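Heads up, the chain below is alone and in the form deposited in one PDB entry; it's given as structure tokens.
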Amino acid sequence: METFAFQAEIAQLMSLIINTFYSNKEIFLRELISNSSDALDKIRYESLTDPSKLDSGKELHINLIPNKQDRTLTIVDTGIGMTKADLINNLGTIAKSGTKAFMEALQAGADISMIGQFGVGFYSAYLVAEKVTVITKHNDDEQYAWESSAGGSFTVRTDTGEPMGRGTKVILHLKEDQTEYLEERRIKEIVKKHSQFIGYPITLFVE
């Protein structure tokens, strides 16, 4: 397992998301589903020119999996996934520019719910999670696990868990007072409210 330091900009955004008082936390789900949808759009478009792109899995879907025992909510997609370079370098670049733009918008009067317009909606996960674990598999690399509980660092290591084929799993280790997002009625409510028109099947698993 390798440990990396977040750059100042993104580290500051993570602290803002965790420290700022903001009750409309439910928007985190909309943001993660949108990220999954975007990733599914990407692998699907690539498959239009090269059908073999789907040899790692033809199914294009999004699954929402709650687990009360582990107190986790996992958003699973069979999108394009992320390579090690995406995890460490490429997305670091996006996180920096996206954070700078978002911060300037906030000081102007923008709201936290608009975070997705800046390409860093993934970080809205910290509105409800104390730790986020990302398991991902891209056609051009092996399966990896990215993880962070903030505090200025994140880790990346090869993942020996169940082979995914292709895609991304965002595991939200929920804060003690955010267990409402593990309830079927709550998740169904949020999905219908903000993600009813997503162009891929969203399956809400139950326990």
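Each form is matched to the other, and the largest set of C-alpha atoms that superpose within 1.5 Å is called the rigid core. Numbers for residues come from their place in the sequence shown, where the first is 1.
FYI, the form deposited in another entry isn't displayed, but the following is about it.
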Open item on the list: Rigid core superposed, CA of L91 - does it shift 2 Å or more between the shown form and the other one?
Closed with: yes
Task: Displaced residue check between the shown form and the other one: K100, CA, 2 Å or over, core reference - done: yes
Task: Cα distance between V132 and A95, which in that other deposited form differs by 3 Å or more from this form, closer or farther - done: farther
Task: Residue pair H173, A95 - Cα distance in that other deposited form, closer or farther (3 Å or more) - done: farther
